[PDB]
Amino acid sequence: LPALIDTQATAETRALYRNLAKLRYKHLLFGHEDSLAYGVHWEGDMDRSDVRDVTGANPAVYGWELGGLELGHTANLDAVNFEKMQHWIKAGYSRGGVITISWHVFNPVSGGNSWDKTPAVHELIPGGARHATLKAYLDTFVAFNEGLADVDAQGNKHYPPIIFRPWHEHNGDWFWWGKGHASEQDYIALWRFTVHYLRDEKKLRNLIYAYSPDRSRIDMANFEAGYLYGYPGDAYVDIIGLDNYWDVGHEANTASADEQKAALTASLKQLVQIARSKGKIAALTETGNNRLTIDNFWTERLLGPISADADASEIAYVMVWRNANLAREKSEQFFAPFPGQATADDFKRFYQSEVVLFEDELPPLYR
């Protein structure tokens, strides 16, 4: 029933969206960022995941990250090799998994990373002095996407569908495309150009576009207004996403656990209401508890509050962030368990839930 903004989307892309729309009522796909690239205690294996090591199954949704691609780097900002990334995307897709991609774009003005707040959006949008840079940046993704293609016996080209989730958390002030660094109207212009360029100029047909404000900068008394800050229009968005680490035990959140659980449910309920009104699909596009310090996190803090309300439950998927490699990165950062981690058994319970789907029990999404 929801329809993609790309009226010419590939058969597989159309199928994915249709099937997510169907499965969302009774199920929730689980996702993990950089799941095949490395884990907390390993890197190098070409077919491994912390998630699989714990549960026996890969995540249903695989998140990947392009930051650095635009600069012609061999590897992304977390040292994930782009050729390997292409291999891993193809591998996950071949098994029936879902692919989603974010993009922590480097600051073109300074050469700094996404967290360098030097203003850039005004310069990047149509009419801006650096508009050529925006085109060049997007071109690198066009090229990357080509590296995901196969060609069948009949000479037809096929791609993995990708849930493309750019310019995220734009209601926060931490990225250079965020509030305080870009006007609302300029942000909208940036988004709209991104869609026009990829969908219309470059004729990519394998994208589903995901919009993802951060819950931590939305006033719960006025959720819709906060959510729709910088919203580019229904003609430019397929997935009504949300990044919400806040209500799942963020260290800076002084709300009680019970208040947080209620807020998680309320946030997702309202998200779903917005999606319903717009004929879209909702998803919890980023979440998690860094270092998994909360007892029974998965069942008590994530699944429980989602399942508590039938509106909240209508989200299609939930993705947790990456399991940074300790040896390489020098600190602990992870959002899925690994064997022996305190929440591993509770994660097994989460996996086991009839509601939650990992790769191993996905129906065929692409037909």
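Start at 1 and count along the sequence shown; that's the residue number.
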* Tell me which of 331 to 339 and 296 to 304 has the higher mean C-alpha B-factor in the deposited entry. => 331 to 339
* Asked: Do the C-alpha atoms of 191 to 199 or of 115 to 123 have the higher average B factor in the entry?
  -> 115 to 123
* **Highest recorded Cα temperature factor - choice among 109, 240, 105, 264** => 109
* Residue selected from 50, 34, 70, 45 by maximal Cα B factor -> 45
* To do: Could you say whether, by C-alpha temperature factor, residue 147 belongs to the lowest, middle or highest third of its chain?
  => highest
* Asked: Within this chain, which third does the Cα B-factor at residue 130 fall in: lowest, middle or highest?
  -> highest
* Structure fact -> Temperature factor at the Cα of residue 91, chain-ranked in thirds, falls in the middle
* Asked: residue 255: which third of its chain by C-alpha temperature factor?
  -> highest
* Could you look up the Cα B-factor of residue 57 in the entry and say which third of the chain it sits in: lowest, middle or highest? => middle
